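K.L.:
sharing an experimental structure here, sequence included.
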Amino acid sequence: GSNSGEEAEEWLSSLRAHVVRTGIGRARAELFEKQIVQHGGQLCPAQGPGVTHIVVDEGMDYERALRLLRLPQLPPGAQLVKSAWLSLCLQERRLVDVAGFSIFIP
């Protein structure tokens, strides 16, 4: 059985998203991961071969997101964004400035 049909042009695939199931897993927000993958954007936990983005329910802080997602430290550049950032990434089908909805600390 072939696994091809919905090209989706795989635009989001240009980036690697990551949703915290332990954090989000609210009910609707969770769909976040589904929307990402459904767009060709694969996601995964600390195992994420190239997870530079970290989406959270905004609840947990960045410093916490580290252990929350099972990661003692993010790779180079890798930044932690909030749910708002992801939403746009889906609607604006692009890479919006994280600083807009990034914790970092402030």
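P.N.:
Happy to help now that I have it. Numbers count the residues shown, from 1 in each chain.
K.L.:
what count of nearby residues applies to residue 90?
P.N.:
The local packing count at residue 90 equals 16, with neighbours defined by other Cβ atoms under 10 Å. Every residue, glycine included, has its C-beta placed from N, CA and C.
K.L.:
that one against residue 38, yeah?
P.N.:
No - under the criterion of Cβ atoms under 8 Å, residue 90 is not in contact with residue 38, lying 9.4 Å apart.
K.L.:
what segments of the protein are helices?
P.N.:
Listed in chain order, the helices of the chain (DSSP state H) span 31-38, 62-68, 83-91.
K.L.:
between those, which one is closest to residue 106.
P.N.:
Judged by Cβ to Cβ, the one of the helices of the chain that comes nearest to residue 106 is helix 62-68, at 9.6 Å.
K.L.:
which strands and helices sit next to that closest one?
P.N.:
Of the remaining helices and strands, those touching helix 62-68 by 3 or more Cβ pairs under 8 Å, 6 or more residues apart in numbering; DSSP states H and E are strand 53-56.
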